[PDB]
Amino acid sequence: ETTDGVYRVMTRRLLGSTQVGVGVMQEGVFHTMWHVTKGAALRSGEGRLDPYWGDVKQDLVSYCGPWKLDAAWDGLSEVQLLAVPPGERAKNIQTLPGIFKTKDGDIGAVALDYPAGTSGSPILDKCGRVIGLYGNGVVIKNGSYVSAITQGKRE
């Protein structure tokens, strides 16, 4: 199936069924984070999805086509994390992003903590566009987790 939406990424090389990550399907392309699949091919029922583009430093990978998600956080408004935790139902969480300040510029960051198998969950603006993926970040002083709003480049 190539239906638009958010998907769990599952494996069976370990015990039982394990969720290694999450991804979004849009315009026939599956978008997830590189560390989730390590570029491996994916199964979709009877079909197969092969990697098309990826970059380890960006920690992004796309399947069946080029990266399609190009919406960006405006730097002002609150966003929603559509978290897909392993073994739990998808649930939206609204939040005001922080900032990752690097030498190459600033990127939005969401301060929400979830199991690592939630990596790849989409982050949305109020219009419903995917502005980035959740699951690559840091651990701060208190011990909580802060993830960047990781977005690719279309075309």
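Numbers for residues come from their place in the sequence shown, where the first is 1.
Remark: stretch with higher mean C-alpha B factor among 50 to 58 and 105 to 113 is 105 to 113. For the pair 59 to 67 and 95 to 103, the mean B factor over Cα atoms is greater in 95 to 103. In the PDB entry, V29 places in the middle third of its chain by CA B-factor. In the PDB entry, a CA B factor belonging to the middle third of its chain's modelled residues is recorded for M10. Sort the chain's modelled residues by C-alpha temperature factor and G21 lands in the lowest third, per the entry. In the deposited entry, the Cα temperature factor of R43 places it in the middle third of its chain's modelled residues. Remark: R129 belongs to the middle third of its chain, ranked by C-alpha B-factor as recorded.
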